[PDB]
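Asks: Enclosed is the structure file entry.cif (mmCIF, C-alpha atoms and all ligand atoms; chains and numbers go by the auth columns).
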```cif
data_final
loop_
_atom_site.group_PDB
_atom_site.id
_atom_site.type_symbol
_atom_site.label_atom_id
_atom_site.label_comp_id
_atom_site.label_asym_id
_atom_site.label_seq_id
_atom_site.Cartn_x
_atom_site.Cartn_y
_atom_site.Cartn_z
_atom_site.B_iso_or_equiv
_atom_site.auth_seq_id
_atom_site.auth_asym_id
ATOM 1 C CA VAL A 1 25.064 -5.384 10.577 0.00 1 A
ATOM 2 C CA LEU A 2 22.177 -2.879 10.752 0.00 2 A
ATOM 3 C CA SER A 3 22.647 0.793 11.652 0.00 3 A
ATOM 4 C CA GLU A 4 20.449 2.469 14.313 0.00 4 A
ATOM 5 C CA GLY A 5 18.377 4.029 11.493 0.00 5 A
ATOM 6 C CA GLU A 6 17.900 0.636 9.814 0.00 6 A
ATOM 7 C CA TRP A 7 16.907 -0.885 13.166 0.00 7 A
ATOM 8 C CA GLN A 8 14.373 1.924 13.775 0.00 8 A
ATOM 9 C CA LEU A 9 12.904 1.317 10.279 0.00 9 A
ATOM 10 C CA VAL A 10 12.808 -2.461 10.952 0.00 10 A
ATOM 11 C CA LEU A 11 11.090 -1.944 14.334 0.00 11 A
ATOM 12 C CA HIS A 12 8.654 0.524 12.704 0.00 12 A
ATOM 13 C CA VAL A 13 7.663 -2.028 10.030 0.00 13 A
ATOM 14 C CA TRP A 14 7.621 -4.773 12.660 0.00 14 A
ATOM 15 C CA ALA A 15 5.244 -2.814 14.877 0.00 15 A
ATOM 16 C CA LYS A 16 2.792 -3.204 11.965 0.00 16 A
ATOM 17 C CA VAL A 17 3.483 -6.969 11.790 0.00 17 A
ATOM 18 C CA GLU A 18 3.156 -7.318 15.590 0.00 18 A
ATOM 19 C CA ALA A 19 -0.063 -5.265 15.615 0.00 19 A
ATOM 20 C CA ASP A 20 -1.550 -8.122 13.533 0.00 20 A
ATOM 21 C CA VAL A 21 0.952 -10.871 14.421 0.00 21 A
ATOM 22 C CA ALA A 22 -1.643 -13.621 13.819 0.00 22 A
ATOM 23 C CA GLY A 23 -2.599 -12.197 10.395 0.00 23 A
ATOM 24 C CA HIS A 24 0.995 -11.676 9.235 0.00 24 A
ATOM 25 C CA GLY A 25 1.853 -15.111 10.723 0.00 25 A
ATOM 26 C CA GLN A 26 -0.857 -16.928 8.769 0.00 26 A
ATOM 27 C CA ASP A 27 -0.404 -14.846 5.574 0.00 27 A
ATOM 28 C CA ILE A 28 3.384 -15.446 5.599 0.00 28 A
ATOM 29 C CA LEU A 29 2.986 -19.220 6.016 0.00 29 A
ATOM 30 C CA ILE A 30 0.081 -19.451 3.508 0.00 30 A
ATOM 31 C CA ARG A 31 2.207 -17.451 1.033 0.00 31 A
ATOM 32 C CA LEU A 32 5.390 -19.473 1.729 0.00 32 A
ATOM 33 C CA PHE A 33 3.419 -22.717 1.290 0.00 33 A
ATOM 34 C CA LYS A 34 1.641 -21.694 -1.936 0.00 34 A
ATOM 35 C CA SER A 35 4.943 -20.385 -3.369 0.00 35 A
ATOM 36 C CA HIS A 36 7.061 -23.408 -2.338 0.00 36 A
ATOM 37 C CA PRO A 37 5.117 -26.730 -1.969 0.00 37 A
ATOM 38 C CA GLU A 38 8.210 -28.340 -0.397 0.00 38 A
ATOM 39 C CA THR A 39 7.867 -25.979 2.601 0.00 39 A
ATOM 40 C CA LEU A 40 4.296 -27.198 3.106 0.00 40 A
ATOM 41 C CA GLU A 41 5.097 -30.886 2.741 0.00 41 A
ATOM 42 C CA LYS A 42 7.518 -30.346 5.683 0.00 42 A
ATOM 43 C CA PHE A 43 4.923 -29.503 8.399 0.00 43 A
ATOM 44 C CA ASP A 44 2.839 -32.682 9.015 0.00 44 A
ATOM 45 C CA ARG A 45 -0.120 -30.636 10.363 0.00 45 A
ATOM 46 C CA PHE A 46 -0.145 -28.289 7.338 0.00 46 A
ATOM 47 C CA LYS A 47 0.902 -30.971 4.802 0.00 47 A
ATOM 48 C CA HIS A 48 -2.547 -32.574 5.201 0.00 48 A
ATOM 49 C CA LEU A 49 -3.886 -29.674 3.044 0.00 49 A
ATOM 50 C CA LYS A 50 -1.620 -31.205 0.367 0.00 50 A
ATOM 51 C CA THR A 51 -2.705 -28.832 -2.417 0.00 51 A
ATOM 52 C CA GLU A 52 -0.837 -26.010 -0.578 0.00 52 A
ATOM 53 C CA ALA A 53 -3.742 -24.983 1.675 0.00 53 A
ATOM 54 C CA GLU A 54 -7.238 -25.941 0.609 0.00 54 A
ATOM 55 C CA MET A 55 -8.279 -22.348 1.510 0.00 55 A
ATOM 56 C CA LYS A 56 -8.452 -23.145 5.218 0.00 56 A
ATOM 57 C CA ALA A 57 -4.938 -23.501 6.723 0.00 57 A
ATOM 58 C CA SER A 58 -6.123 -21.787 9.886 0.00 58 A
ATOM 59 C CA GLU A 59 -6.372 -22.040 13.675 0.00 59 A
ATOM 60 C CA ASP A 60 -3.209 -24.160 13.925 0.00 60 A
ATOM 61 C CA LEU A 61 -1.596 -22.006 11.199 0.00 61 A
ATOM 62 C CA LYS A 62 -2.440 -19.032 13.444 0.00 62 A
ATOM 63 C CA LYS A 63 -0.942 -20.636 16.571 0.00 63 A
ATOM 64 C CA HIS A 64 2.269 -21.427 14.713 0.00 64 A
ATOM 65 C CA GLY A 65 2.462 -18.160 12.741 0.00 65 A
ATOM 66 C CA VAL A 66 2.215 -16.325 16.097 0.00 66 A
ATOM 67 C CA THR A 67 4.937 -18.569 17.677 0.00 67 A
ATOM 68 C CA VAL A 68 7.115 -18.065 14.584 0.00 68 A
ATOM 69 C CA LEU A 69 6.748 -14.288 14.278 0.00 69 A
ATOM 70 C CA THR A 70 7.154 -13.871 18.070 0.00 70 A
ATOM 71 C CA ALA A 71 10.499 -15.728 17.856 0.00 71 A
ATOM 72 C CA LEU A 72 11.852 -13.777 14.861 0.00 72 A
ATOM 73 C CA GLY A 73 10.224 -10.717 16.523 0.00 73 A
ATOM 74 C CA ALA A 74 12.266 -11.156 19.715 0.00 74 A
ATOM 75 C CA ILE A 75 15.384 -11.498 17.520 0.00 75 A
ATOM 76 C CA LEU A 76 14.599 -8.284 15.650 0.00 76 A
ATOM 77 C CA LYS A 77 13.667 -6.499 18.920 0.00 77 A
ATOM 78 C CA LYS A 78 17.024 -7.553 20.410 0.00 78 A
ATOM 79 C CA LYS A 79 18.674 -5.588 17.483 0.00 79 A
ATOM 80 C CA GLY A 80 21.563 -8.069 16.950 0.00 80 A
ATOM 81 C CA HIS A 81 21.627 -9.814 20.333 0.00 81 A
ATOM 82 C CA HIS A 82 20.624 -13.170 18.820 0.00 82 A
ATOM 83 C CA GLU A 83 17.406 -13.944 20.631 0.00 83 A
ATOM 84 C CA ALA A 84 19.568 -13.974 23.811 0.00 84 A
ATOM 85 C CA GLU A 85 20.306 -17.610 22.650 0.00 85 A
ATOM 86 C CA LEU A 86 18.756 -18.685 19.232 0.00 86 A
ATOM 87 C CA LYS A 87 20.563 -22.063 19.852 0.00 87 A
ATOM 88 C CA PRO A 88 17.417 -24.142 20.845 0.00 88 A
ATOM 89 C CA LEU A 89 15.579 -22.862 17.745 0.00 89 A
ATOM 90 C CA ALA A 90 18.723 -23.414 15.648 0.00 90 A
ATOM 91 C CA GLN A 91 18.761 -26.984 17.068 0.00 91 A
ATOM 92 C CA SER A 92 15.119 -27.742 16.091 0.00 92 A
ATOM 93 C CA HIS A 93 15.487 -26.294 12.571 0.00 93 A
ATOM 94 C CA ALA A 94 18.872 -28.100 12.397 0.00 94 A
ATOM 95 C CA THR A 95 17.882 -31.640 13.468 0.00 95 A
ATOM 96 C CA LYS A 96 14.183 -31.846 12.643 0.00 96 A
ATOM 97 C CA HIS A 97 13.543 -29.087 10.097 0.00 97 A
ATOM 98 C CA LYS A 98 15.751 -30.704 7.410 0.00 98 A
ATOM 99 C CA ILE A 99 19.209 -29.305 8.144 0.00 99 A
ATOM 100 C CA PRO A 100 20.129 -26.437 5.697 0.00 100 A
ATOM 101 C CA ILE A 101 18.593 -22.950 6.136 0.00 101 A
ATOM 102 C CA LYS A 102 17.102 -22.867 2.597 0.00 102 A
ATOM 103 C CA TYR A 103 13.458 -22.653 3.657 0.00 103 A
ATOM 104 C CA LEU A 104 14.336 -19.650 5.866 0.00 104 A
ATOM 105 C CA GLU A 105 15.178 -17.782 2.614 0.00 105 A
ATOM 106 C CA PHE A 106 11.752 -18.808 1.355 0.00 106 A
ATOM 107 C CA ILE A 107 10.112 -17.396 4.512 0.00 107 A
ATOM 108 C CA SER A 108 12.295 -14.299 4.016 0.00 108 A
ATOM 109 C CA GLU A 109 10.672 -13.929 0.576 0.00 109 A
ATOM 110 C CA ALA A 110 7.238 -14.551 2.151 0.00 110 A
ATOM 111 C CA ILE A 111 7.914 -11.880 4.841 0.00 111 A
ATOM 112 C CA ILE A 112 9.018 -9.393 2.144 0.00 112 A
ATOM 113 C CA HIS A 113 5.907 -10.252 0.069 0.00 113 A
ATOM 114 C CA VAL A 114 3.406 -9.779 2.940 0.00 114 A
ATOM 115 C CA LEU A 115 5.140 -6.584 4.068 0.00 115 A
ATOM 116 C CA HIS A 116 5.178 -5.061 0.575 0.00 116 A
ATOM 117 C CA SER A 117 1.576 -6.196 -0.071 0.00 117 A
ATOM 118 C CA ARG A 118 0.126 -4.857 3.217 0.00 118 A
ATOM 119 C CA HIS A 119 2.394 -1.852 3.721 0.00 119 A
ATOM 120 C CA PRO A 120 3.180 -0.231 0.330 0.00 120 A
ATOM 121 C CA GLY A 121 4.400 3.388 0.171 0.00 121 A
ATOM 122 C CA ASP A 122 6.262 3.047 3.495 0.00 122 A
ATOM 123 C CA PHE A 123 7.722 -0.413 2.881 0.00 123 A
ATOM 124 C CA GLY A 124 10.003 1.064 0.206 0.00 124 A
ATOM 125 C CA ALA A 125 13.606 0.282 -0.895 0.00 125 A
ATOM 126 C CA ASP A 126 15.186 1.297 2.441 0.00 126 A
ATOM 127 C CA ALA A 127 12.667 -0.687 4.514 0.00 127 A
ATOM 128 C CA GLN A 128 12.798 -3.845 2.350 0.00 128 A
ATOM 129 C CA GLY A 129 16.601 -3.655 2.206 0.00 129 A
ATOM 130 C CA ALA A 130 16.662 -3.299 6.013 0.00 130 A
ATOM 131 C CA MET A 131 14.239 -6.168 6.653 0.00 131 A
ATOM 132 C CA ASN A 132 16.104 -8.316 4.099 0.00 132 A
ATOM 133 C CA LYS A 133 19.419 -7.513 5.830 0.00 133 A
ATOM 134 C CA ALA A 134 17.859 -8.373 9.228 0.00 134 A
ATOM 135 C CA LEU A 135 16.563 -11.700 7.853 0.00 135 A
ATOM 136 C CA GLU A 136 20.032 -12.339 6.369 0.00 136 A
ATOM 137 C CA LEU A 137 21.583 -11.670 9.812 0.00 137 A
ATOM 138 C CA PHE A 138 19.044 -14.086 11.330 0.00 138 A
ATOM 139 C CA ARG A 139 19.847 -16.805 8.731 0.00 139 A
ATOM 140 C CA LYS A 140 23.580 -16.110 9.192 0.00 140 A
ATOM 141 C CA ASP A 141 23.168 -16.388 12.977 0.00 141 A
ATOM 142 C CA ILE A 142 21.493 -19.780 12.572 0.00 142 A
ATOM 143 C CA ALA A 143 24.302 -20.770 10.150 0.00 143 A
ATOM 144 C CA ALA A 144 26.861 -19.842 12.823 0.00 144 A
ATOM 145 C CA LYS A 145 24.833 -21.712 15.466 0.00 145 A
ATOM 146 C CA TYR A 146 24.817 -24.770 13.154 0.00 146 A
ATOM 147 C CA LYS A 147 28.660 -24.572 13.330 0.00 147 A
ATOM 148 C CA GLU A 148 28.640 -24.193 17.144 0.00 148 A
ATOM 149 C CA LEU A 149 26.280 -27.190 17.477 0.00 149 A
ATOM 150 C CA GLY A 150 28.617 -29.207 15.176 0.00 150 A
ATOM 151 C CA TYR A 151 26.529 -29.429 11.948 0.00 151 A
ATOM 152 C CA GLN A 152 27.727 -26.695 9.551 0.00 152 A
ATOM 153 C CA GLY A 153 31.348 -27.118 10.735 0.00 153 A
HETATM 154 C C1 LIG B . 11.187 -16.837 10.457 0.00 201 A
HETATM 155 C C2 LIG B . 11.907 -17.959 10.583 0.00 201 A
HETATM 156 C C3 LIG B . 11.494 -19.007 11.583 0.00 201 A
HETATM 157 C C4 LIG B . 11.379 -18.898 12.929 0.00 201 A
HETATM 158 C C5 LIG B . 11.691 -17.700 13.783 0.00 201 A
HETATM 159 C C6 LIG B . 10.817 -20.152 13.397 0.00 201 A
HETATM 160 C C7 LIG B . 10.326 -20.384 14.677 0.00 201 A
HETATM 161 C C8 LIG B . 9.768 -21.583 15.113 0.00 201 A
HETATM 162 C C9 LIG B . 9.408 -21.861 16.485 0.00 201 A
HETATM 163 C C10 LIG B . 9.528 -20.878 17.621 0.00 201 A
HETATM 164 C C11 LIG B . 9.051 -23.168 16.545 0.00 201 A
HETATM 165 C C12 LIG B . 8.658 -23.960 17.773 0.00 201 A
HETATM 166 C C13 LIG B . 9.848 -24.472 18.591 0.00 201 A
HETATM 167 C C14 LIG B . 10.907 -25.143 17.724 0.00 201 A
HETATM 168 O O1 LIG B . 10.686 -26.306 17.319 0.00 201 A
HETATM 169 O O2 LIG B . 11.911 -24.455 17.449 0.00 201 A
HETATM 170 C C15 LIG B . 9.177 -23.701 15.201 0.00 201 A
HETATM 171 C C16 LIG B . 8.920 -25.022 14.842 0.00 201 A
HETATM 172 C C17 LIG B . 8.949 -25.533 13.550 0.00 201 A
HETATM 173 N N1 LIG B . 9.428 -24.857 12.447 0.00 201 A
HETATM 174 FE FE1 LIG B . 10.081 -22.967 12.383 0.00 201 A
HETATM 175 N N2 LIG B . 10.764 -21.067 12.360 0.00 201 A
HETATM 176 C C18 LIG B . 11.176 -20.374 11.250 0.00 201 A
HETATM 177 C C19 LIG B . 11.198 -20.881 9.965 0.00 201 A
HETATM 178 C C20 LIG B . 10.841 -22.160 9.559 0.00 201 A
HETATM 179 C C21 LIG B . 10.673 -22.571 8.182 0.00 201 A
HETATM 180 C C22 LIG B . 10.891 -21.669 6.994 0.00 201 A
HETATM 181 C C23 LIG B . 10.197 -23.849 8.208 0.00 201 A
HETATM 182 C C24 LIG B . 9.792 -24.757 7.071 0.00 201 A
HETATM 183 C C25 LIG B . 9.443 -24.298 5.867 0.00 201 A
HETATM 184 C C26 LIG B . 10.057 -24.212 9.599 0.00 201 A
HETATM 185 C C27 LIG B . 9.489 -25.400 10.053 0.00 201 A
HETATM 186 C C28 LIG B . 9.232 -25.712 11.381 0.00 201 A
HETATM 187 C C29 LIG B . 8.623 -26.945 11.823 0.00 201 A
HETATM 188 C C30 LIG B . 8.260 -28.092 10.909 0.00 201 A
HETATM 189 C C31 LIG B . 8.436 -26.832 13.164 0.00 201 A
HETATM 190 C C32 LIG B . 7.788 -27.818 14.111 0.00 201 A
HETATM 191 C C33 LIG B . 6.366 -27.431 14.532 0.00 201 A
HETATM 192 C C34 LIG B . 5.412 -27.404 13.346 0.00 201 A
HETATM 193 O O3 LIG B . 5.188 -28.517 12.822 0.00 201 A
HETATM 194 O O4 LIG B . 4.577 -26.476 13.354 0.00 201 A
HETATM 195 N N3 LIG B . 10.441 -23.163 10.411 0.00 201 A
HETATM 196 N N4 LIG B . 9.572 -22.707 14.327 0.00 201 A
#
```
Represent the supplied structure as structure tokens.
Ligand code: HEM

Replies:
Amino acid sequence: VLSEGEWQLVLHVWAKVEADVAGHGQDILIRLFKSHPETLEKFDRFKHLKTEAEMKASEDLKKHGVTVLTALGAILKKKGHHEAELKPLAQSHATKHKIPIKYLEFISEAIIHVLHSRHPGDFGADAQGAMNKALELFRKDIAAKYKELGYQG
């Protein structure tokens, strides 16, 4: 779990993400993609830029990145109360997104990378540990939802 302090730190960092949700959103995906080709092959609309983003990966990347961060954002904002549901998103990433979490650990790395890159000095040990823990909770929540939905069970 995350303590009130850890949540406040997370929300503080996230206010910076949210302030430039689109930017973080794109950056995170671009980073994820360039780091792990397999994550890029997955999204048909991004996959077309086969060489992990032909230095474009925009407009649609923005739309998704925003959707994506807003969802994880809501989760984080709800400080443990698992997006009020999570289940529908667990279901998509379960059935369509190629079952196991895996890639969510890659986006966790991407998130940590963008955060550290854009917000050094303040995104220190405590902040990164807190964000990482929050991402781990998120991944763990999806893992539990995969059991509920009758996949991970
Ligand atoms: C921060 C973690 C993530 C969150 C909060 C998230 C959120 C979302 C949301 C809200 C949607 C649209 C509705 C839905 O289908 O559920 C979506 C779709 C999708 N997600 Fe994720 N997602 C996450 C991570 C991932 C990762 C790491 C991958 C693959 C590397 C992935 C691949 C997809 C795909 C392929 C779609 C379908 C739409 C697309 O082609 O753009 N997701 N995601």

Asks: What do you get as a PyMOL selection string if you pick all residues at most 10 Å from ligand LIG 201 (chain A), counting only C-alpha atoms and all ligand atoms?

Replies: chain A and resi 25+28-29+32-33+36-47+60-61+63-75+83+86-98+101-108+110-111+135+138-139+142

Asks: Report the distance between atom CA of residue A:10 and atom CA of residue A:127 in Å, rounded to one decimal place.

Replies: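 Separating atom CA of residue A:10 from atom CA of residue A:127 is a distance of 6.7 Å.
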
Asks: Give me, as CSV, each residue of stretch 19-101 of chain A that comes within 12 Å of stretch 3-6 of chain A, together with its shortest interatomic pair and the distance in Å at one decimal, counting all atoms listed in the file, with rows ordered by chain and rising residue number.

Replies:
```
residue,atom,partner,partner_atom,distance
A:76,CA,A:6,CA,11.2
A:79,CA,A:4,CA,8.8
A:80,CA,A:3,CA,10.4
```

Asks: With C-alpha atoms kept, could you save the residues just selected as a PDB file, in the frame of the given file?

Replies:
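See out33.pdb below for the written result:
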```
ATOM      1  CA  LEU A  76      14.599  -8.284  15.650  1.00  0.00           C
ATOM      2  CA  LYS A  79      18.674  -5.588  17.483  1.00  0.00           C
ATOM      3  CA  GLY A  80      21.563  -8.069  16.950  1.00  0.00           C
TER       4      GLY A  80
END
```

Asks: When distances are computed from all atoms listed in the file, which of A:137, A:143, A:22, A:9 shows the smallest separation from residue A:81?

Replies: A:137

Asks: Quick one: 4 Å padding each side, axis-aligned, all listed atoms of stretch 8-18 of chain A - centre and edge lengths in Å to one decimal, as JSON?

Replies:
```
{"center_x": 8.6, "center_y": -2.7, "center_z": 12.8, "size_x": 19.6, "size_y": 17.2, "size_z": 13.6}
```

Asks: Between atom CA of residue A:24 and atom CA of residue A:129, what is the spacing in Å?

Replies: 18.9 Å

Asks: At what distance in Å, to one decimal, does atom CA of residue A:119 lie from atom CA of residue A:13?

Replies: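 Calculated distance between atom CA of residue A:13 and atom CA of residue A:119 is 8.2 Å.
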
Asks: Calculated over all atoms listed in the file, which of the candidates A:58, A:20, A:109, A:84 has the smallest distance to residue A:35?

Replies: A:109

Asks: Taking only C-alpha atoms into account, name the residue in A:82, A:26, A:118, A:123 that is nearest to residue A:55.

Replies: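 Nearest candidate to residue A:55 out of A:82, A:26, A:118, A:123: A:26.
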
Asks: May I ask which of the residues A:34, A:78, A:116, A:50 is the closest one to residue A:17, counting only C-alpha atoms?

Replies: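 Nearest candidate to residue A:17 out of A:34, A:78, A:116, A:50: A:116.
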